[PDB]
Each structure stands twice: as C-alpha cells, then as structure tokens.
C-alpha cells in the first residue's frame, strides 16, 4: 500500500545518492514477517570494470541498509546504463 511505496521511495532516494549510480532500474521489495527483503538493480557506467561495479553495489547496500532498519536482506546488482 501507501506504506510500502514510502519505504520504496526511501530505498530509491538512498541508493541514488551513492556515487556511481545512474538511477535505480528495478526494485522488488516484500515483507517477510515484519522484515523487508529486497532485490535491486542499479544502472552504472558501461565502461566500469566488474570489480568497480561491485564496489558501487556494496556501497548502495550499506547506504540503504543503514537508513532503512527494517530491511533484513538486500541484493544489489548493476546493469550498464546511459
């Protein structure tokens, strides 16, 4: 509901502030008990290395998980984007 959109907006806002992120392409978030499990795809520079893209991915994980307490599990991956 309205409840869930608010958290999604929090997650996007958080992820999008992280340097190297070219928008959030996709976000699946779901309640499992009281906790949230999420899967996210970010856009990144096509010319990034895989190592570099994974660094950005981890940074997003820390930023999002840091600001939204109720997230128990967050997978982040990157697609090339312009």
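Positions refer to the first chain, counted from 1.
In the deposited entry, the Cα temperature factor of residue 46 places it in the middle third of its chain's modelled residues. The entry lists a Cα temperature factor for residue 78 that places it in the lowest third of the chain's modelled residues. Residue 59 sits in the middle third of its chain by CA B factor, as recorded in the PDB entry.
For residue 21, the recorded CA B-factor ranks within the middle third of the chain. Only modelled residues enter the ranking. Per-chain ranking of the deposited C-alpha B factor places residue 12 in the middle third.
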